[PDB]
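Protein chains in written order, with the entry's author numbering: chain J, 2 to 311; chain A, 2 to 311; chain K, 2 to 311; chain V, 2 to 311. Virtual Cβ for every residue (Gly too), placed ideally from N, Cα, C. Notes for the one structure printed next.
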Ligand SMILES: [Fe+3]
Ligand SMILES: [Fe+3]
Ligand SMILES: [Fe+3]
Ligand SMILES: [Fe+3]
């Protein structure tokens with residue numbers, strides 16, 4: 002089935018101390034999150050750049066991570082229902098608060114965790130280059146050679162285009178129809194590894210460290226998280242649902258050149274350009290496309306999505 | 002059929018003199034070992050690191066071999082019966098003792114050679130990236146497309162997870178049932194190249210240089226092995242069988258990232274986590290996972306195991 | 002009386018960060034351990050080398066600690082009964098787990114805590130070079146000039162030979178008889194400071210961080226130990242008793258030269274060589290002798306052993 | 002059909018001037034040689050090392066070309082009949098002599114051109130890594146999936162083992178039977194790209210610059226080849242046929258590691274070792290195995306050999 006996505010967004014310092022926190026805190030958060038049975042996987046990203054679109058953002062590059070002082074992280078977690086994510090944060094609040102405060106001396110902005118519903122998904126199983134013989138052998142034996150997916154390599158060997166779209170009130174049905182048609186047109190592009198369309202349905206309060214006045218002061222006052230705040234919030238997740246409607250267009254590409262000319266088909270390929278013009282006529286903001294590197298992954302979330310493994 | 006494994010374990014210095022002994026003594030030992038008809042192959046490893054499991058062993062890294070003063074070597078030899086290995090060491094004792102003493106000025110600990118029985122094996126044929134066209138062509142012509150194995154590249158192009166498990170008395174049947182189910186669950190992980198479960202059944206006395214009192218003094222007294230000790234031991238191999246039962250969980254991965262997130266499924270994937278919880282409830286020691294690099298290989302041992310070549 | 006010994010074995014990184022943990026965590030562990038009345042003292046060691054025995058381990062030296070990337074630590078604790086050690090770990094589990102996890106980012110292997118019974122002991126009171134006038138004055142006034150011990154200087158001013166022996170089933174009575182006679186023969190060697198023979202009787206589960214499946218996951222998931230695992234183990238200490246029988250032959254020497262030629266009397270002194278030949282005829286593994294430096298000590302454990310102080 | 006091979010052997014200096022002669026003279030020689038219709042292709046090699054076989058030639062390495070002062074070149078030309086090669090050299094003698102004398106200030110030994118008959122051949126079509134989709138698609142459409150060859154990459158992306166064997170008089174039938182069985186056993190080795198067995202049938206006089214006394218003096222006297230010697234020789238090619246019989250065992254491997262452990266199966270794999278023991282019992286000289294790099298190739302000679310292209 003289609004899972005629900007929580008996207009944890011943080012800005013951290015770009016220094017060697019922070020990349021130690023990728024391997025010493027990141028796995029522990031995933032292990033605490035995996036105590037809940039509704040957890041079906043994760044995909045963690047570091048922003049490496051921005052699609053400039055010619056000179057529209059000409060100060061930005063697709064690979065600019067070596068020059069930035071701060072790193073944007075997008076940590077996806079996938080859930081059977083979005084209430085499973087809110088139940089996970091409440092039941093594991095002491096362990097998760099203490100782990101998140103280990104990243105405190107690196108954190109610049111955040112955490113901010115909007116919740117998303119998957120509107121459309123074409124996301125294949127992640128395979129290494131050593132695994133494609135198993136993949137095409139199983140699909141040929143099942144008579145499904147026409148549905149053999151591309152080789153989507155896990156753990157930092159592909160790039161993600163993170164496309165932010167804010168759609169005018171009343172034009173959400175027109176966005177979703179033609180953004181789907183745009184992503185089906187990307188299937189012809191070389192290096193396209195798959196795509197999904199995410200629709201924001203709320204913001205997690207506990208994942209965003211948004212408590213009431215007593216809880217907010219206990220966050221500021223605690224020594225390394227030993228003094229755990231009482232996890233009382235003033236809102237639940239659908240009460241912070243941003244209007245007008247936010248959409249993420251998430252597409253995966255084998256490299257940044259395939260991303261630049263593949264996504265560029267909405268500008269340079271005239272048949273795809275008329276399709277994406279209907280998307281552009283619904284937007285109050287966007288498109289702004291961040292380039293992400295999926296470092297740490299829980300690739301079995303695509304096994305839940307595609308209802309098939311290996 | 003399933004062969005028996007002798008695992009020769011030595012600690013040697015990490016210096017350029019030692020890596021000359023890989024190419025000037027290592028092949029000679031394999032050639033003396035191949036005088037016996039029960040010898041079916043070998044697989045030689047160098048430990049390159051330890052799986053840290055978050056911060057459980059936080060001073061350890063998966064790739065730490067450039068910083069270590071000493072190298073752990075695990076030299077597997079594969080045998081039609083474990084008595085063939087003990088017969089080989091007795092019949093070729095003078096040549097093997099002299100070759101092992103060429104590594105003497107580098108050796109820090111060892112040699113220690115426990116003998117193992119293969120409980121479970123899913124170990125495919127080793128193929129290069131130039132050989133997969135032959136592999137999928139032969140399996141399609143035989144109507145076995147569903148059993149096409151992953152590309153397991155020989156000679157240092159993959160990594161080995163060496164998982165040490167000591168199982169409580171009486172819980173060996175529960176370990177073997179659910180460690181098998183854990184290794185079948187690894188088939189879904191990207192970059193999984195195969196696995197086997199080894200059960201310790203004894204320790205070779207001649208392979209461990211364990212003689213009686215007269216033989217031990219002749220080992221210390223000899224000049225470069227020219228004075229060969231009489232190979233009289235005080236025990237045979239099943240008389241040194243460690244209780245409680247030692248198990249090796251040997252899994253092969255395309256790279257260390259595939260190893261870290263693949264083996265990590267027993268911590269972060271909730272369906273595999275319940276399976277491996279039954280493994281953890283049988284352990285008096287472990288799991289401790291070393292990361293090994295298979296440098297020198299006798300890959301035809303998998304032809305004996307899978308009863309098929311090419 | 003003869004106390005029981007728990008030997009905590011860890012491998013840590015050899016870096017200046019680790020030697021800060023000797024003085025900032027080590028004393029706190031000893032202070033938590035001293036809450037129990039059955040605690041009678043401690044002796045903490047760092048491995049500085051290996052006895053090479055000619056060229057048997059020729060890559061090893063007696064003083065090689067300046068070149069090693071990792072340090073082996075042997076932390077002895079002495080107990081009136083071995084159940085007092087298991088009762089101490091359960092009652093002080095939260096404080097001890099949190100202190101042990103301060104060493105986590107340095108730890109490579111371990112912790113592993115086998116429990117030992119003292120078979121034989123000739124271990125004198127530790128005296129400084131300023132204290133021998135008190136020692137010989139008290140022994141002359143008591144008419145015990147014939148039992149005046151050697152000056153065994155505490156706190157890093159002597160070396161320890163850590164002799165590992167694994168004895169065949171049924172030959173444990175022959176080992177203990179002639180290993181005692183070997184240690185009485187060491188009394189004639191210059192620089193011999195005393196010796197004891199330790200017999201492994203079990204492995205502490207809490208001291209080895211060996212919990213059940215829920216406890217093991219809480220060890221991996223916790224942030225610096227603030228989230229304390231429930232200390233439920235699947236075994237008690239005599240249920241992990243290694244067969245065949247492990248022995249430690251622990252001897253103390255004034256320097257490494259006295260150690261090398263003193264222990265070498267089992268090879269070069271013909272009267273002691275026939276005695277130790279009966280020890281060698283019982284061994285399935287060994288002898289392997291590590292060289293240890295006793296840095297931090299609780300020297301009053303010898304006051305309990307010898308039933309006399311000063 | 003099976004072509005005939007002329008192998009031009011020269012020793013040249015290892016300097017940057019010589020590698021200019023690879024690209025400025027080498028192609029011109031191939032273009033003059035292609036004037037004859039019996040020319041079916043070429044394969045030019047540079048020796049990069051020697052198989053040491055443990056310490057049998059321990060001063061030699063498989064990759065030692067960066068340290069050598071001189072380069073051995075083996076330039077294969079393939080012919081429909083060996084008389085076509087002798088007819089080519091006589092008809093194009095002025096152009097070929099002038100091109101060969103452009104390499105004169107680099108040449109140390111040679112040229113020496115023995116002629117060979119192909120006894121056995123398993124030499125697939127050369128394909129790039131971009132061409133395997135065409136190769137497996139054509140073989141599946143023709144119902145020949147069982148005979149899909151390995152990917153043999155042209156132009157320096159594989160290595161050649163050049164195995165010299167001199168066989169006793171009367172044992173040539175025993176050599177050819179079991180050297181064929183050895184090369185069929187190499188089909189199981191990883192990275193084996195194919196093999197052929199060459200039998201020396203003569204030495205080309207014009208290709209070896211072996212003229213009569215007047216022609217030899219005109220070779221020494223000429224200014225850059227403008228003064229062309231009269232190509233009168235004292236012998237034809239079967240009159241210089243070396244006795245006892247020379248054989249080349251030519252095998253191709255994806256890399257030097259695949260070569261070392263693949264060819265090593267005649268020493269370490271006991272089933273192949275008994276086969277190659279019958280080869281060794283026919284040899285008065287050898288085996289001596291040079292490691293060659295096939296830089297410049299005329300890969301369409303395998304299209305003539307396998308009677309099929311693409
Ligand atoms: Fe969350
Ligand atoms: Fe062995
Ligand atoms: Fe303890
Ligand atoms: Fe020629």
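Exercise for the section: Just the chain J side, please: which residues come within less than 7 Å of residue 108(K) by C-beta, in chain order? Expected result: For the purposes of this step, residue 108(K) is taken as the residue at position 107 of the third chain. The contacting residues do not exist; residue 108(K) stays about 13 Å from chain J at best.
Practice task
Look at residue 1(K) and residue 6(K) and say whether their C-beta atoms are less than 8 Å apart.
Solution key: Nothing about residue 1(K) can be read from this structure; chain K reaches only from 2 to 311.
Handout entry: Sequence ranges, alpha helix (DSSP H) only - wholly within the region 152-200 of chain J, length at least 4
Key = 173-186
Exercise for the section: Could you check if residue 238(A) is buried or exposed, using at least 16 other CB atoms within 10 Å of its CB as the buried criterion? Expected result: Within the second chain, residue 238(A) is the residue found at index 237, counting from 1. Classification of residue 238(A): buried, given that the 10 Å Cβ count is 16 or more.
Handout entry: Three-state secondary structure assigned by DSSP to residue 263(A)
Key = If you number the second chain from 1, residue 263(A) lands on position 262. Residue 263(A) falls in the helix class under three-state DSSP.
Practice task
Using a Cβ-Cβ cut-off of 8 Å, state whether residue 7(A) counts as contacting chain V.
Solution key: By 1-based counting over the second chain, the position of residue 7(A) is 6. It does not: the Cβ of residue 7(A) has no partner Cβ on chain V nearer than 8 Å.
Problem - Any non-hydrogen atom of ligand 4 within 7 Å of residue 7(V) CB - result: The residue you call residue 7(V) lines up with position 6 of the fourth chain. Under cutoff, so the answer is yes.
Exercise for the section: State yes or no: is the C-beta of residue 42(V) within less than 8 Å of the C-beta of residue 300(V)? Expected result: Taking the fourth chain and counting its residues from 1, the one referred to as residue 42(V) is at position 41. Taking the fourth chain and counting its residues from 1, the one referred to as residue 300(V) is at position 299. Yes.
Handout entry: Proximal residues of chain A, C-beta to C-beta of residue 58(K) below 7 Å
Key = Numbered from 1 along the third chain, position 57 holds the residue referred to as residue 58(K). Within chain A, the residues near residue 58(K) are 108, 109 and 110.
Handout entry: Min CB distance residue 245(A) to chain K below 8 Å
Key = As a working note, residue 245(A) is residue 244 in the second chain. Cβ-Cβ to chain K under 8 Å: yes for residue 245(A).
Exercise for the section: Have a look at the DSSP bridge pairing and note the partners of residue 93(A). Expected result: One-based indexing of the second chain puts residue 93(A) at position 92. In the DSSP output, where bridge partners are listed per residue, residue 93(A) has none listed.
Exercise for the section: Could you list which residues in chain A have their beta carbon closer than 8 Å to that of residue 192(V), in chain order? Expected result: As a working mapping, residue 192(V) is identified with position 191 in the fourth chain. Correct list: 129, 131, 132 and 155.
Problem - Identified DSSP bridge partners for residue 127(A) - result: For this step, residue 127(A) is matched to residue 126 along the second chain. The partner list for residue 127(A) (beta bridge, DSSP) reads 153(A).
Practice task
Please specify which runs of the alpha helix (DSSP H), each continuous and at least 4 residues long, are wholly inside the region 32-116 of chain J, giving them in chain order.
Solution key: 83-92 and 94-101
Handout entry: Any 3 or more C-beta pairs closer than 8 Å across the region 142-161 of chain V and the region 264-271 of chain V
Key = no
Exercise for the section: Pick helix, strand or coil for residue 272(J), following the three-state DSSP scheme. Expected result: Translated into positions along the first chain, residue 272(J) becomes position 271. In the structure shown, residue 272(J) sits in a helix (DSSP, three-state: H, G or I).
Exercise for the section: Report the three-state DSSP secondary structure of residue 222(A) (helix, strand or coil). Expected result: For this step, residue 222(A) is matched to residue 221 along the second chain. Correct three-state label for residue 222(A): helix.
Problem - Span of the beta strand (DSSP E), counted from its first residue to its last, around residue 10(A) - result: Here the question's residue 10(A) lines up with position 9 in the second chain. Looking at the DSSP string, the run of the beta strand (DSSP E) that includes residue 10(A) is 5-14.
Handout entry: Short Cβ contact (8 Å threshold) for residue 22(K) with residue 107(K)
Key = Against the third chain, residue 22(K) aligns to sequence position 21. Against the third chain, residue 107(K) aligns to sequence position 106. In this structure, residue 107(K) lies closer than 8 Å to residue 22(K) by Cβ.
Exercise for the section: Ignore the nearest five residues each way along the sequence and tell me which others in residue 128(A)'s own chain have a CB closer than 6 Å to its CB. Expected result: Your numbering for residue 128(A) matches position 127 in the second chain. So the qualifying residues of the chain are 136 and 152.
Practice task
Run the proximity test for residue 208(J): is its beta-carbon closer than 7 Å to any non-hydrogen atom belonging to ligand 1?
Solution key: Sequence index remark: in the first chain, residue 208(J) carries index 207 (1-based). Yes, ligand 1 has a heavy atom inside 7 Å of this Cβ.
Handout entry: Proximity to residue 306(V) [Cα-Cα], best of 232(V), 279(V) and 120(V)
Key = Locating residue 306(V) in the fourth chain gives position 305, counting from the first residue. Per the Cα distances, 120(V).
Handout entry: Which residues DSSP lists as bridging residue 302(V), in chain order
Key = Working through the fourth chain from its first residue, we reach residue 302(V) at position 301. Per DSSP, none; premise fails for residue 302(V).
Problem - Residues, ordered as in the chain, of the region 18-51 of chain J that lie near chain A by beta-carbon distance below 7 Å - result: 25, 28, 29, 31, 32, 35, 38 and 40
Handout entry: Cβ neighbour criterion (16 or more within 10 Å) applied to residue 68(V)
Key = For the purposes of this step, residue 68(V) is taken as residue 67 along the fourth chain, with counting starting at 1. Classification of residue 68(V): exposed, given that the 10 Å Cβ count is below 16.
Handout entry: Spatially closest choice to residue 201(A) from 247(A), 217(A), 52(A) and 225(A), by CA coordinates
Key = As a position in the second chain, residue 201(A) is number 200, starting the count at 1. Comparing Cα-Cα distances from residue 201(A) to each of 247(A), 217(A), 52(A) and 225(A), the minimum goes to 247(A).
Problem - Close-in-space but distant-in-sequence residues of the same chain around residue 216(V) (CB under 8 Å, 5 per side omitted) - result: For the purposes of this step, residue 216(V) is identified with residue 215 of the fourth chain, where counting begins at 1. 230, 231, 232, 233 and 234.
Exercise for the section: Would you check whether ligand 2 has a heavy atom nearer than 7 Å to the C-beta of residue 114(A)? Expected result: Start at 1 with the first residue of the second chain, and residue 114(A) comes out as number 113. Answer for residue 114(A): yes, Cβ within range of ligand 2.
Exercise for the section: For the region 157-187 of chain J, enumerate the residues whose C-beta is nearer than 8 Å to any C-beta of chain K, in chain order. Expected result: none
Exercise for the section: Give the residues of chain J in contact with residue 281(K), contact being defined as C-beta atoms less than 9 Å apart. Expected result: What you label residue 281(K) is simply residue 280 of the third chain in a count that begins at 1. Neighbours of residue 281(K) on chain J: none; closest Cβ ~47 Å, over 9 Å.
Exercise for the section: Check distances from the C-beta atoms of the region 284-307 of chain A to those of chain V and list, in chain order, the residues that come in under 8 Å. Expected result: 297, 298, 299, 300, 301 and 304
Problem - Rounded Cβ spacing between residue 254(V) and residue 4(V) (contact assumed at less than 8 Å) - result: In the fourth chain, residue 254(V) corresponds to position 253, counting from 1. In the fourth chain, residue 4(V) corresponds to position 3, counting from 1. Going by Cβ atoms, the distance from residue 254(V) to residue 4(V) rounds to 22 Å, so no, they are not a contact pair.
Exercise for the section: Check whether the region 78-93 of chain A touches the region 185-197 of chain A, taking contact to mean three or more Cβ pairs, one atom from each stretch, closer than 8 Å. Expected result: no
Handout entry: C-alpha distance - residue 191(A) paired with residue 60(A), whole-angstrom precision
Key = By one-based count along the second chain, residue 191(A) stands at place 190. By one-based count along the second chain, residue 60(A) stands at place 59. In a straight line, the C-alpha of residue 191(A) is about 27 Å away from that of residue 60(A).
Exercise for the section: Determine the burial state of residue 179(J): buried for a count of at least 16 other Cβ atoms within 10 Å of its Cβ, exposed for fewer. Expected result: For this step, residue 179(J) is matched to residue 178 along the first chain. Looking at its Cβ environment, which holds 16 or more other Cβ atoms inside 10 Å, residue 179(J) is buried.
Practice task
Could you tell me if the beta carbon of residue 153(A) falls within a distance shorter than 7 Å of some heavy atom in ligand 6?
Solution key: By its list of ligands, the structure shown excludes ligand 6, since it contains just ligand 1, ligand 2, ligand 3 and ligand 4.
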